[PDB]
Q: 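Following this message is one structure expressed as structure tokens.
Every chain is numbered from 1, with letters handed out A, B, ... down the list of sequences. Side-chain atoms are counted along with the backbone in the values below, which use heavy atoms only and exclude waters and symmetry mates.
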Amino acid sequence: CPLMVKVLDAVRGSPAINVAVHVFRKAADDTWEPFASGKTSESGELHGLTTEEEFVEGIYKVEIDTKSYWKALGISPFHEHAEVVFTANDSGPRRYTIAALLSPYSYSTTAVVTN
Amino acid sequence: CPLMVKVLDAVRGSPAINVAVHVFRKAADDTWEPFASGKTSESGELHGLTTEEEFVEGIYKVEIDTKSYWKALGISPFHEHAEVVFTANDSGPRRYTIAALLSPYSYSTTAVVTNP
Amino acid sequence: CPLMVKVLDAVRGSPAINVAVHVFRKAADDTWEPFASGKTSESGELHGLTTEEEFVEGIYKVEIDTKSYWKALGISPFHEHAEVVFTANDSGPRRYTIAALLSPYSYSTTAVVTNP
Amino acid sequence: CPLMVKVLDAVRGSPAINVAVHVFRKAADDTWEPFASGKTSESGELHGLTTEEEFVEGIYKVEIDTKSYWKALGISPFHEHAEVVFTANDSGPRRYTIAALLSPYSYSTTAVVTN
Ligand SMILES: O=C(O)c1cccc(/C=C/c2ccc(B(O)O)cc2)c1
Ligand SMILES: O=C(O)c1cccc(/C=C/c2ccc(B(O)O)cc2)c1
């Protein structure tokens, strides 16, 4: 599991469940090509997106469909989605956790990168 | 204005209005002595808490009454309040803005510290 | 000033100065058209990006160039930039402040939306 | 594990390891009495602080010694510590995760409360 995504709900104090997540890899012509996707689990986590062999160095975008999440709760949100854009860098044998903490008009994201 | 507090609401996308704020300073006997208090304005800002003369070196606690805020709005929040504890002015006088961003089960606080 | 961007530095406890900001608007063909750009001032604020007339209904992307900011400071950050994507003015004109708080491996963004 | 604490470092993108954490329970005279304490692990987590039998309803304070953490990294921080103060409420059979994300001049804390 080189790449894991975790989404939390700051309004209800819970995992953000059944949130759609799309990962893209930046192509040579600067466009975003689909790479992997899924929905967060009951624990707010999305595992199994990719493998060590497939996850090469490059620029990646993680798009979290926050708008649909809030609308399913009857809450009008600000953002269309949350986007996290980063470079994967091999300098070391490591795993990336992209975590996002969601509010209707705000979100915060951090990377936990470990060996 | 050596000490300012600003509070935002992450549910409403607005300033957090009418938030009570209590400031304490640690005394020589290690207890928290009341130092200043007030509430945020329509802009979510609290000015005029203290003066350059009275805001001496020390350890200060800024207590933001988030529970009263959310409850006054009919929401049941997780935290009792948000506490910001810091040493101030120990390299001479600085100006401090304490900012807080509130959600019912989460808050974040940052400080902007400038040299006048 | 219908659109303002403010950026703070959580490592330094200061405004984030000289941060480049690019704004895009989604076009009819679903591509991102350049809309406005600038950089944050000494106060960490970026004013004058647009006007009430030109800031029409649409989907906007505010790209904050956090990597260039941290690298200009000799730090190697995680993110390429911070992107804030939102529908604006679809219930009539509003004023938007987009705030971002930056660390090398983390950022948070909030919006304050007011009705003039 | 009714109560777990997790601490993350936003500067290095890692767990915050070997961070001292003290939990207090508010006593009838409004004073804070020591309840439980420990140091975060290699994963930034502190488990085993208390038990279901001991963790009754009441007001609790979790104090995270952020100052020592940053000083051990040669970074001058703003806060003396991070304090998280909350009421434990039985309305439901649940577990509390108190998470904190640390920067030198800022911190953010969220509660993830689950069954
Ligand atoms: O704490 C966070 O997570 C956070 C995140 C994103 C933005 C902010 C805003 C801070 C702020 C600081 C000072 C002023 B001011 O001097 O008027 C206004 C806003 C705070
Ligand atoms: O963004 C904020 O404001 C914020 C605030 C408080 C905590 C967090 C992080 C939560 C988290 C929990 C577990 C993992 B993990 O699977 O190692 C990672 C992150 C983020």
Q: Please report the closest heavy-atom contact between B/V85 and B/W32, naming both atoms and the distance.
A: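 Reported closest heavy-atom pair: CG1-CH2, 3.9 Å.
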Q: Tell me, yes or no, whether the heavy-atom count around B/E53 atom CD, taken from other residues, nucleotides or ligands under 6.0 Å, exceeds 12.
A: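 No, the 6.0 Å shell around CD holds no more than 12 heavy atoms from other groups.
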Q: Could you tell me whether the side chain of A/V21 reaches within less than 4.5 Å of the side chain of A/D65, counting heavy atoms only?
A: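 The answer is no; the side chains never approach within 4.5 Å.
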Q: Restricting to salt bridge (charged side-chain N to carboxylate O under 4.0 Å, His left out), what partner residues turn up for C/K6, sequence neighbours left out?
A: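 For C/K6 the salt bridge (charged side-chain N to carboxylate O under 4.0 Å, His left out) partners, ignoring immediate neighbours, are C/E45.
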Q: Locate the shortest heavy-atom distance separating C/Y105 from C/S76; write the atom from each residue and the value.
A: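 Scanning both residues, the minimum pair turns out to be CE1-O, 4.0 Å.
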Q: Residues in salt bridge (charged side-chain N to carboxylate O under 4.0 Å, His left out) with A/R12, at least two apart?
A: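 For A/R12 the salt bridge (charged side-chain N to carboxylate O under 4.0 Å, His left out) partners, ignoring immediate neighbours, are A/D9.
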Q: I want to check something: taking the side chain as every heavy atom from C-beta on, are A/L102 and A/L8 in contact at a cut-off of under 4.5 Å?
A: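 Heavy-atom side-chain distance check fails, nothing below 4.5 Å.
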Q: Should D/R95 and D/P2 count as side-chain neighbours, where that means a heavy-atom distance under 4.5 Å?
A: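 Sidechains of D/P2 and D/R95: no contact.
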Q: Could you measure the distance from the CG atom of D/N115 to the OG atom of A/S14? Nearest 0.5 Å is fine.
A: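 The CG atom of D/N115 sits 11.0 Å away from the OG atom of A/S14.
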Q: Which atom pair, heavy atoms only, marks the closest approach of A/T114 to D/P15?
A: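 Closest approach of A/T114 to D/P15: CG2-CD, 3.7 Å.
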Q: Is B/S37 reaching over with its side chain to a backbone N or O of B/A20, donor-acceptor style, under 3.5 angstrom?
A: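 Side chain of B/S37 to backbone of B/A20, a donor-acceptor pair under 3.5 Å: no, none is there.
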Q: Could you check D/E80 against D/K67 for salt bridge (charged side-chain N to carboxylate O under 4.0 Å, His left out), going step by step and ending with a plain yes or no?
A: CA-CA 5 Å; D/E80 286 300 297; D/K67 192 181 189 180; 2.9 Å; yes
Q: Please say whether more than 12 non-hydrogen atoms of neighbouring residues, nucleotides or ligands are located less than 6.0 Å from CD in A/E57.
A: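 Above 12, so yes.
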Q: May I ask you to decide if D/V11's main-chain N or O and D/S103's side chain share a donor-acceptor pair within less than 3.5 Å?
A: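 Absent.
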Q: Quick one: do A/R94 and A/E52 satisfy salt bridge (charged side-chain N to carboxylate O under 4.0 Å, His left out)? Show the steps, please.
A: CA-CA 10 Å; A/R94 69 281 258 51; A/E52 290 188 315; over 6 Å; no
Q: For the atom pair OG1 (A/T110) and NE2 (C/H79), what is the distance rounded to the nearest 0.5 Å?
A: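 Nearest 0.5 Å value for the OG1-NE2 distance: 7.0 Å.
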Q: I'd like to check C/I98 versus A/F78 (side-chain heavy atoms, cut-off strictly below 4.5 Å). Are they in contact?
A: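 Answer yes - side chains close enough.
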Q: Donor-acceptor pair, distance only, cut-off 3.5 Å: does the side chain of D/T40 make one with the backbone of D/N18?
A: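 Checked: pair present.
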Q: Below 6.0 angstrom between ring centroids: does that apply to C/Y96 and C/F86?
A: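 Here the rings of C/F86 and C/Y96 have centres that are less than 6.0 Å from each other.
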Q: How many angstroms lie between CE in D/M4 and NE2 in D/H47, if you round to the nearest 0.5 Å?
A: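 Interatomic distance, D/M4 CE to D/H47 NE2, rounded to 0.5 Å: 5.0 Å.
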Q: Mind listing the closest non-hydrogen atom pair of B/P116 and B/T114 along with its distance?
A: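 Nearest pair, atom of B/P116 first, then B/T114: CD-O, 3.7 Å.
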Q: Got C/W70 and C/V19 here, is their nearest side-chain heavy-atom distance under 4.5 Å?
A: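 Side-chain contact under 4.5 Å: no.
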Q: Restricting to non-hydrogen atoms, name the atom on B/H81 and the atom on B/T66 that form the minimum distance, rounded to 0.1 Å.
A: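 Result for this residue pair: CA-OG1, 3.3 Å.
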Q: Would you say A/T50 and A/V23 make side-chain contact, with heavy atoms under 4.5 Å?
A: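 Counting from C-beta outward, A/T50 and A/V23 never come under 4.5 Å.
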Q: Walk me through it: do D/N89 and D/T87 pass the test side chain to side chain donor-acceptor pair (under 3.5 Å)?
A: CA-CA 6 Å; D/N89 174 225; D/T87 297; over 6 Å; no
Q: Under 3.5 Å, is there a donor-acceptor pair between the C/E63 and C/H22 side chains?
A: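 Looking only at side-chain atoms, C/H22 and C/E63 do not form any donor-acceptor pair under 3.5 Å.
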Q: Other residues, nucleotides and ligands only: do more than 12 of their heavy atoms fall within 6.0 Å of NZ on C/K39?
A: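 It does not: C/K39 NZ has 12 such atoms or fewer within range.
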Q: Could you grab the distance from atom CZ of B/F35 to atom NZ of B/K61, nearest 0.5 Å is fine?
A: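 Rounded to the nearest 0.5 Å, the CZ-NZ separation comes out at 15.0 Å.
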Q: List the atom of D/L101, the atom of C/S106, and the distance in Å for their closest heavy-atom pair.
A: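 So the two residues come closest at CD2-OG, 3.4 Å.
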Q: Should B/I64 and B/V5 count as side-chain neighbours, where that means a heavy-atom distance under 4.5 Å?
A: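 Side chain of B/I64 against side chain of B/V5, heavy atoms only: contact under 4.5 Å found.
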Q: In terms of heavy-atom contacts, does NZ of C/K71 have more than 12 from other residues, nucleotides or ligands at under 6.0 Å?
A: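 No, because the 6.0 Å sphere around NZ of C/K71 holds 12 heavy atoms or fewer from other groups.
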Q: Any side-chain to backbone donor/acceptor pair from D/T109 onto D/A99? Under 3.5 Å, distance only.
A: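 Yes; at least one donor-acceptor contact below 3.5 Å.
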Q: Indicate, with yes or no, if the rings of A/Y60 and A/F24 have centres closer together than 6.0 Å.
A: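 When the ring centroids of A/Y60 and A/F24 are compared, they turn out to be at least 6.0 Å apart.
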Q: Any side-chain to backbone donor/acceptor pair from D/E83 onto B/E83? Under 3.5 Å, distance only.
A: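 Side chain of D/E83 to backbone of B/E83, a donor-acceptor pair under 3.5 Å: no, none is there.
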